[PDB]
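Note sheet for the following structure.
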Amino acid sequence: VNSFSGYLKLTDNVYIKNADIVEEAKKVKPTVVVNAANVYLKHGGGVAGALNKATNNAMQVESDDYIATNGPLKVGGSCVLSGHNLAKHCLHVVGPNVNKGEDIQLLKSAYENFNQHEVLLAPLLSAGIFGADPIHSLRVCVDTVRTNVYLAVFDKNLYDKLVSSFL
Ligand SMILES: OC[C@H](CC1CCC1)Nc1ncnc2[nH]ccc12
Ligand SMILES: [Cl-]
């Protein structure tokens with residue numbers, strides 16, 4: 001039993017809800033919130049900009065130190081950093097950004113990072129401003145993640161479309 005509420009169950013382990021991930025994380029304070037990161041951990045827009053804003057820029061400060069020490073992530077890769085006031089940990093995961101010409105096949109590799117954590121709150125990787133088809137992202141999620149994932153989707157028409165089209 002966990003404290004996630006109001007989710008539709010899609011499979012044994014994948015759940016979905018129309019929600020603002022910032023407001024969800026503040027309520028649940030999950031062990032792991034997933035950020036839709038880029039390789040530079042520059043949290044400007046989309047989910048990343050919203051999560052960072054909610055931390056009063058502390059996420060960006062921590063991220064800049066991480067990059068200065070370690071260099072950029074790989075597309076498809078991840079790192080674990082603090083969750084600040086939102087969660088215990090933030091798993092920064094880099095899905096391919098189609099608006100940059102990155103290979104969509106890397107989306108499966110990106111979702112594989114979720115399997116290192118028993119329970120996660122997360123957005124659909126490569127959706128929104130990353131320019132991929134969200135129906136595809138949900139399909140890859142369901143077919144790749146084996147741990148318990150609670151997907152937040154900050155758009156009603158999209159959410160309704162994702163539910164009604166889910167196979
Ligand atoms: O990338 C996945 C979705 C895509 C957008 C919804 C339609 C375009 N983004 C988000 N999902 C959940 N919570 C969020 N908070 C701020 C942004 C955000
Ligand atoms: Cl987005």
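To be explicit about the labels: the chains of the structure tokens are called A, B, and onward in the order shown, and within each one the residues are counted from 1, while ligands get numbers from 1 in the order they are shown.
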Report the closest atom pair, with its distance in Å rounded to one decimal, for each residue of range 74-115 of chain A that has an atom no farther than 7 Å from range 133-152 of chain A; count only C-alpha atoms, sort by chain and then rising residue number, and write it as a tab-separated table.
residue	atom	partner	partner_atom	distance
A:108	CA	A:140	CA	6.2
A:111	CA	A:141	CA	6.2
A:112	CA	A:145	CA	6.3
A:114	CA	A:145	CA	6.3
A:115	CA	A:147	CA	5.5
Selection within 7 Å of ligand 1 by only C-alpha atoms and all ligand atoms, output as a VMD selection string: chain A and resid 19 to 22 36 46 to 47 50 123 to 130 152 to 155 158
Near residue 35 in chain A, within 8 Å and counting only C-alpha atoms, which residues show up once chain neighbours fewer than 6 positions away are dropped, as a ChimeraX atom specification? /A:47-48,51,90-93,122-123
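If you measure from each of A:84, A:29, A:156, A:9 to residue 58 in chain A using only C-alpha atoms, the closest one turns out to be A:84.
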Please identify which residues in range 17-140 of chain A DSSP calls strand (DSSP E) from the backbone, and express them as a ChimeraX atom specification. /A:17-18,32-36,78-82,89-93,119-122
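For the choices A:164, A:31, A:157, A:113, the atom-to-atom distance to residue 8 in chain A is smallest for A:164 when using only C-alpha atoms.
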Would you please give, as number ranges by chain, all residues of range 61-158 of chain A that DSSP assigns to alpha helix (DSSP H) based on the backbone? A: 61-70, 106-112, 134-144, 156-158
Restricted to C-alpha atoms, what would the selected residues look like written as a PDB file, in the first residue's frame?
ATOM      1  CA  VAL A  61      22.296  24.761  -8.219  1.00  0.00           C
ATOM      2  CA  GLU A  62      22.810  21.097  -7.303  1.00  0.00           C
ATOM      3  CA  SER A  63      22.689  20.102 -10.977  1.00  0.00           C
ATOM      4  CA  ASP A  64      25.334  22.642 -12.009  1.00  0.00           C
ATOM      5  CA  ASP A  65      27.718  21.189  -9.425  1.00  0.00           C
ATOM      6  CA  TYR A  66      26.937  17.666 -10.677  1.00  0.00           C
ATOM      7  CA  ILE A  67      27.768  18.631 -14.281  1.00  0.00           C
ATOM      8  CA  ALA A  68      30.922  20.512 -13.279  1.00  0.00           C
ATOM      9  CA  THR A  69      32.176  17.328 -11.594  1.00  0.00           C
ATOM     10  CA  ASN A  70      30.879  14.607 -13.917  1.00  0.00           C
ATOM     11  CA  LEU A 106      16.672   5.539 -27.059  1.00  0.00           C
ATOM     12  CA  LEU A 107      13.304   5.976 -25.325  1.00  0.00           C
ATOM     13  CA  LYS A 108      13.372   2.342 -24.194  1.00  0.00           C
ATOM     14  CA  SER A 109      16.855   2.806 -22.729  1.00  0.00           C
ATOM     15  CA  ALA A 110      15.590   5.899 -20.896  1.00  0.00           C
ATOM     16  CA  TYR A 111      12.686   4.001 -19.316  1.00  0.00           C
ATOM     17  CA  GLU A 112      15.030   1.155 -18.247  1.00  0.00           C
ATOM     18  CA  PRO A 134       2.883  10.433 -26.044  1.00  0.00           C
ATOM     19  CA  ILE A 135       0.835   7.366 -27.017  1.00  0.00           C
ATOM     20  CA  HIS A 136       4.136   5.815 -28.074  1.00  0.00           C
ATOM     21  CA  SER A 137       5.842   6.935 -24.864  1.00  0.00           C
ATOM     22  CA  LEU A 138       3.123   5.287 -22.772  1.00  0.00           C
ATOM     23  CA  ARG A 139       3.449   2.073 -24.795  1.00  0.00           C
ATOM     24  CA  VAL A 140       7.223   1.976 -24.293  1.00  0.00           C
ATOM     25  CA  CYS A 141       6.745   2.675 -20.579  1.00  0.00           C
ATOM     26  CA  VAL A 142       4.308  -0.220 -20.127  1.00  0.00           C
ATOM     27  CA  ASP A 143       6.511  -2.575 -22.161  1.00  0.00           C
ATOM     28  CA  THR A 144       9.784  -1.594 -20.397  1.00  0.00           C
ATOM     29  CA  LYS A 156      -6.780  16.596 -19.732  1.00  0.00           C
ATOM     30  CA  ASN A 157      -7.344  16.058 -23.461  1.00  0.00           C
ATOM     31  CA  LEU A 158      -4.036  14.197 -23.639  1.00  0.00           C
TER      32      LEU A 158
END
Selected residue, from A:25, A:14, A:40, A:163, that lies nearest to residue 83 in chain A when counting only C-alpha atoms: A:25
Give the answer as one residue: which of A:59, A:37, A:167, A:1 has the shortest atom-to-atom distance to ligand 2, using only C-alpha atoms and all ligand atoms? A:37
List the neighbours of residue 100 in chain A out to 9 Å using only C-alpha atoms; skip same-chain residues closer than 2 positions along the sequence, and give me the result as a list in words. residues 96, 97, 98, 102, 130 and 131 of chain A
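Counting only C-alpha atoms and all ligand atoms, the residue from A:86, A:39, A:162, A:132 that sits nearest to ligand 2 is A:132.
Relative to CA of residue 94 in chain A, CA of residue 74 in chain A is found at 7.2 Å.
One finds CA of residue 33 in chain A at 6.1 Å from CA of residue 87 in chain A.
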